[PDB]
Amino acid sequence: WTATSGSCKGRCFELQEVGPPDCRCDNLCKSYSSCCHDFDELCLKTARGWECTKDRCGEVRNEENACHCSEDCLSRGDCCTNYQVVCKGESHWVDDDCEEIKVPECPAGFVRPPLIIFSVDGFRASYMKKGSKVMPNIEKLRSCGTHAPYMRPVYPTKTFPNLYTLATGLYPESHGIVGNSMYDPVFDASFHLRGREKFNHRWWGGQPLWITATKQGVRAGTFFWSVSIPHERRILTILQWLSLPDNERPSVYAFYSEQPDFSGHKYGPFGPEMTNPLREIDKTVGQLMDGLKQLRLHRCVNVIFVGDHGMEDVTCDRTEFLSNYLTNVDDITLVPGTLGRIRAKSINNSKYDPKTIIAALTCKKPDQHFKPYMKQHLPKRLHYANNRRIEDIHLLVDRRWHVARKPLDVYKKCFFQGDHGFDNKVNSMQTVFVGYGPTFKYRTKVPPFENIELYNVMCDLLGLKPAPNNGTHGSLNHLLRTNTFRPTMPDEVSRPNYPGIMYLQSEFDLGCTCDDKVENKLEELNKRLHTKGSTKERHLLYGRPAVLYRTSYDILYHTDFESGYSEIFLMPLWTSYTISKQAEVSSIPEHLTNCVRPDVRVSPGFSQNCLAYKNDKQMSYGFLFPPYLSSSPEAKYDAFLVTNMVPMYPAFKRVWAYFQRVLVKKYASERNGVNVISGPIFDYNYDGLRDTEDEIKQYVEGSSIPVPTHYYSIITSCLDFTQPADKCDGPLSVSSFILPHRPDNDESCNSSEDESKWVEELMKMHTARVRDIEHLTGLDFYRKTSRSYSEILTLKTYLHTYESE
Ligand SMILES: *[C@@H]1O[C@H](CO)[C@@H](O[C@@H]2O[C@H](CO)[C@@H](O[C@@H]3O[C@H](CO[C@H]4O[C@H](CO)[C@@H](O)[C@H](O[C@H]5O[C@H](CO)[C@@H](O)[C@H](O)[C@@H]5O[C@H]5O[C@H](CO)[C@@H](O)[C@H](O)[C@@H]5O)[C@@H]4O)[C@@H](O)[C@H](O[C@H]4O[C@H](CO)[C@@H](O)[C@H](O)[C@@H]4O[C@H]4O[C@H](CO)[C@@H](O)[C@H](O)[C@@H]4O)[C@@H]3O)[C@H](O)[C@H]2NC(C)=O)[C@H](O)[C@H]1NC(C)=O
Ligand SMILES: Cc1cc(COc2n[nH]c3c2CCN(C(=O)c2ccc(S(N)(=O)=O)c(F)c2F)CC3)c(C(C)(C)C)cc1Cl
Ligand SMILES: [Ca+2]
Ligand SMILES: [Ca+2]
Ligand SMILES: [Cl-]
Ligand SMILES: [K+]
Ligand code: NA
Ligand SMILES: [Zn+2]
């Protein structure tokens with residue numbers, strides 16, 4: 001119930017919410033149907049429109065007008081935004097020369113530069129170039145401020161997940177807004193774009209920026225704008241709040257535009273109808289900037305111009321139907337469109353079987369335009385699994401397509417020509433970032449970065465301590481003139497043991513054999529020196545990784561590689577080696593095919609054994625340092641140490657062997673040497689974080705050898721590829737992956753073919769940031785470089801995406 005008989009007189013766009021059944025005058029009142037009877041009349045004035053004209057200059061104030069051109073409007077704070085231009089011979093902001101803002105130039109009483117977040121829905125990254133002739137205000141912000149060529153959204157590349165990620169710094173799996181439509185089985189409640197459940201606070205997790213600010217004594221404007229409030233009124237409202245007394249005035253504000261997304265859905269990302277929405281958004285930006293200039297705030301406020309996601313060409317004809325794959329289509333509920341999520345229609349149907357649904361959707365038609373996954377098998381870079389609102393069965397839809405349950409859903413719901421929601425590495429899904437103001441840099445281009453990083457920066461801009469989030473605080477310091485955050489490297493928790501030769505060969509009963517009993521003071525000292533670390537500078541280029549949790553591990557040195565060997569997990573946590581451009585690839589000799597050698601530095605009790613692999617009919621083994629890349633036939637023996645062995649399904653060995661035998665050398669030849677760090681990952685609870693031992697669900701049969709869920713590699717070289725990886729004086733270049741350790745290659749529809757036709761495609765899909773691997777291993781890389789720590793943080797957030805320009 002709402003008693004709508006009170007009044008908004010003096011209360012229009014009041015900042016604090018009053019509680020039912022009292023009548024409201026804030027932004028949300030319309031969305032709850034709770035506004036006072038006179039809200040429209042008093043608070044949504046339109047008379048005479050949004051612009052001063054010459055005849056209005058110096059007019060007698062008429063309070064009915066939407067905005068004012070009377071002499072008293074500046075002190076009231078309610079001039080039309082072009083007042084000074086029309087009536088006082090001032091220039092529009094866009095027509096002024098760019099001039100560096102070296103310090104905040106603010107009115108007296110301003111404690112800090114305000115922040116205005118100007119969010120545009122569906123604003124694809126390439127609009128900045130492609131729409132540049134029609135967006136002069138935006139283009140000035142971009143060229144004079146700090147900009148990225150694009151900003152990476154989160155998956156799914158839909159509005160609510162991305163706006164809430166911008167507000168929180170969290171992945172959707174952690175903030176809980178995992179789609180624009182959701183079912184929460186604990187709640188037994190559904191969230192939709194239409195209707196009321198979406199207003200319930202239980203959907204919205206984490207701590208959004210307005211809460212962070214309010215808790216730390218920094219006031220905030222509303223972020224949500226009711227759809228019926230026109231853009232011109234949202235801008236004037238912001239500008240009126242900026243005229244409040246010091247003790248009442250917010251320091252952080254948001255504007256949202258539903259354009260150009262609304263038109264993009266109708267017309268496609270580049271429809272000729274798109275030029276006008278872009279012009280209209282630019283005009284709105286000009287209204288704000290002229291408005292700020294009238295308030296003497298245009299060299300005071302930090303403005304962020306940001307999108308939520310891009311827009312792709314998608315039409316009704318490019319729809320795949322589950323009814324063409326599944327016999328049982330009426331026993332499922334599909335969340336459809338540019339992604340799929342499947343669950344049982346009834347929890348009382350015990351004949352529902354996810355395994356049979358996955359198989360019925362796997363590589364069934366030659367050009368099939370979606371791929372099914374159990375959510376734990378999705379690329380880890382998506383961070384799209386650890387939430388009960390994400391269904392176990394996921395469908396990754398190809399760009400330009402939709403998935404639906406039955407054809408009738410598509411014609412009983414062509415209209416649309418654009419959509420979005422696809423994998424967040426797809427070029428059409430990328431969006432925009434510009435920062436302009438005293439705290440941002442001047443005329444500066446920065447590399448592309450992820451939207452999860454922005455919360456920390458916005459906190460930095462407001463002097464706030466960010467709530468715990470998925471940004472890497474400091475990785476965006478290069479965007480900022482001041483207010484940088486200067487973190488320390490985390491402390492190493494476990495220090496390594498450095499074992500020498502402590503065991504005789506006969507103490508081992510591992511069931512392993514090797515043909516290695518074949519015999520010099522020149523080369524006896526030389527191999528002692530290699531086992532004590534004499535080539536370590538070559539193979540460990542960035543210091544040893546720090547172990548950030550309590551465990552027991554050993555550093556093992558070898559001619560060709562160095563490793564950190566876990567006594568708990570019976571394998572390396574990491575294996576580091578450098579391959580020069582000149583390196584030669586060799587074979588595993590016939591006589592060494594099945595060779596596994598005990599490591600006399602490590603106890604039998606802390607070693608794997610070959611018998612377990614014999615007895616486990618599903619599990620085989622590989623090696624982390626590849627025997628193919630040995631520096632000499634004698635060094636090759638090191639690669640067959642039991643301490644270099646890891647458990648591998650035969651299907652995965654196809655992948656791994658191709659990576660090690662062909663791709664590593666390819667990379668070294670393309671990048672002028674590479675340093676490779678490889679290792680296992682255990683994430684059985686799909687939380688993105690390193691498992692403890694008691695979380696492992698699978699061991700090599702009859703042993704305590706845990707089976708990884710993934711294998712990673714970090715492949716580092718010199719950004720200036722004229723210098724070799726091992727003698728690089730400047731910035732680094734990295735690519736990484738987190739490959740799923742699967743017992744089949746069902747993910748790869750062409751896996752019956754030679755590995756040259758499918759393995760690299762798989763590896764590209766599972767590209768990763770170093771930071772992703774850090775979370776999954778509890779390791780901290782790049783501890784000893786010549787580079788600044790903020791630069792290294794940026795490097796650790798880099799994602800190699802494999803998309804063209
Ligand atoms: C991305 O950044 C985020 C933020 O830093 C990282 O997420 C954090 O990771 C921590 C580890 O997973 C996690 O810490 C746990 O928190 C429990 C308390 O949680 C509540 O309070 C916090 C603080 O205010 C709040 O934020 C939480 O919000 C979550 O839950 C509500 C729903 O209730 C949602 O609205 C909200 O969206 C959010 O959901 C997300 O997180 C939860 C997990 O908290 C997931 O289940 C959801 O799917 C969703 O992702 C909560 O309201 C605390 O109780 C935990 O402590 C247990 O574990 C420790 C191990 O140290 C153990 O020693 C303790 O004994 C304890 O165990 C007991 O509980 C077990 C489970 O019931 C039980 O099995 C045992 O036997 C014991 O009884 C733990 O500290 C932290 O909450 C989240 N925060 C957020 C916001 O998500 C994230 O990891 C980053 N991602 C990557 C890839 O780096
Ligand atoms: C800067 C900022 C602003 C906001 C305010 O955002 C909104 N204010 N007003 C509307 C919104 C977005 C959703 N609405 C839509 O019209 C809509 C459009 C497209 C698609 S689609 N089809 O493009 O996915 C959808 F789904 C939609 F719902 C309703 C209008 C937020 C929060 C978190 C408060 C939302 C966080 C931040 Cl950092
Ligand atoms: Ca959107
Ligand atoms: Ca885990
Ligand atoms: Cl969705
Ligand atoms: K086996
Ligand atoms: Na296959
Ligand atoms: Zn949209």
Side-chain angles (χ1 to χ4, degrees), residues 119-124 153-165 172-174 176-184 190-194 198 203 227 256-269 274 277 307-314 333-343 375-376 380 382-387 389-391 394-397 402-404 415-424 428-429 431 549 569 680-698 706 708-710 712 738 772-778:
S119 68
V120 280
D121 199 317
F123 200 109
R124 180 173 172 166
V154 288
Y155 183 74
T157 54
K158 304 289 202 171
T159 306
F160 277 135
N162 276 276
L163 296 178
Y164 207 53
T165 285
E173 66 174 11
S174 297
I177 310 299
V178 302
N180 282 342
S181 170
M182 305 181 271
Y183 176 68
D184 184 308
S190 296
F191 175 115
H192 316 276
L193 291 169
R194 296 306 177 189
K198 77 176 185 286
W203 294 103
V227 66
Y256 167 80
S257 164
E258 73 285 350
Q259 291 283 36
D261 179 88
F262 179 74
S263 288
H265 285 279
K266 289 166 93 314
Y267 303 117
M274 294 305 297
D308 51 1
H309 54 69
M311 185 71 71
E312 172 66 276
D313 293 292
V314 188
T333 288
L334 173 69
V335 175
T338 50
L339 45 157
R341 313 205 300 280
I342 292 174
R343 58 182 191 284
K375 65 180 183 168
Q376 66 273 18
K380 299 298 270 180
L382 302 175
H383 294 280
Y384 198 75
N386 185 203
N387 197 294
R389 301 163 190 174
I390 302 165
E391 288 75 5
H394 202 76
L395 313 188
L396 272 187
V397 181
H402 278 172
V403 65
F415 337 94
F416 64 82
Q417 299 185 272
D419 207 353
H420 55 84
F422 305 104
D423 182 342
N424 68 331
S428 60
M429 297 301 93
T431 187
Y549 61 96
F569 285 70
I681 279 161
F682 307 86
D683 194 23
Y684 277 97
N685 64 353
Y686 51 89
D687 64 0
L689 305 177
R690 169 192 64 93
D691 286 358
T692 51
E693 314 161 51
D694 65 2
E695 296 175 324
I696 303 308
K697 301 175 64 57
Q698 183 180 354
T709 54
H710 299 81
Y712 72 89
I738 295 159
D772 293 326
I773 291 165
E774 290 186 343
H775 293 317
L776 288 162
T777 62

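What's counted below: heavy atoms across the whole structure, side chains too, no hydrogens, waters or symmetry copies. Position 1 is the first residue of the sequence, and the numbers go up from there. Each ligand, and each atom within it, is numbered from 1 in the order the structure gives.
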Neighbouring protein N, O or S atoms of the Ca ion (ligand 4) [cut-off: under 3.0 Å, no waters]: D683 OD1, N685 OD1, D687 OD1, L689 O, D691 OD1
For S428, all residues meeting side chain to side chain contact (heavy atoms under 4.5 Å, CB included), sequence neighbours excluded: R124, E312, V426
Non-neighbouring partners of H775 that pass side chain to side chain contact (heavy atoms under 4.5 Å, CB included), sequence neighbours left out: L689, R769, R771
Partner residues of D121 under the salt bridge (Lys or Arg N to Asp or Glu O under 4.0 Å) criterion, sequence neighbours left out: none
The Zn ion (ligand 8): angle it makes with NE2 (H265) and OD1 (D261), nearest 10 degrees: 110°
Minimum-distance N/O/S atom that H420 presents toward the Zn ion (ligand 8):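 Going by distance to the Zn ion (ligand 8), the closest N, O or S atom in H420 is NE2.
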Over 12 foreign heavy atoms within 6.0 Å of CZ, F416: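 It does: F416 CZ has more than 12 such atoms within range.
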Residue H309, metal the Zn ion (ligand 8), N/O/S under 2.8 Å: no
CG on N386 to CG on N685, rounded to 0.5 Å: 7.0 Å
Test side-chain hydrogen bond (donor to acceptor under 3.5 Å, both in side chains) applied to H309 and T159, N424, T431, the passing residue: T159
Option from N162, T338, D261 for which side-chain hydrogen bond (donor to acceptor under 3.5 Å, both in side chains) with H420 holds: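 Filter result, single survivor: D261.
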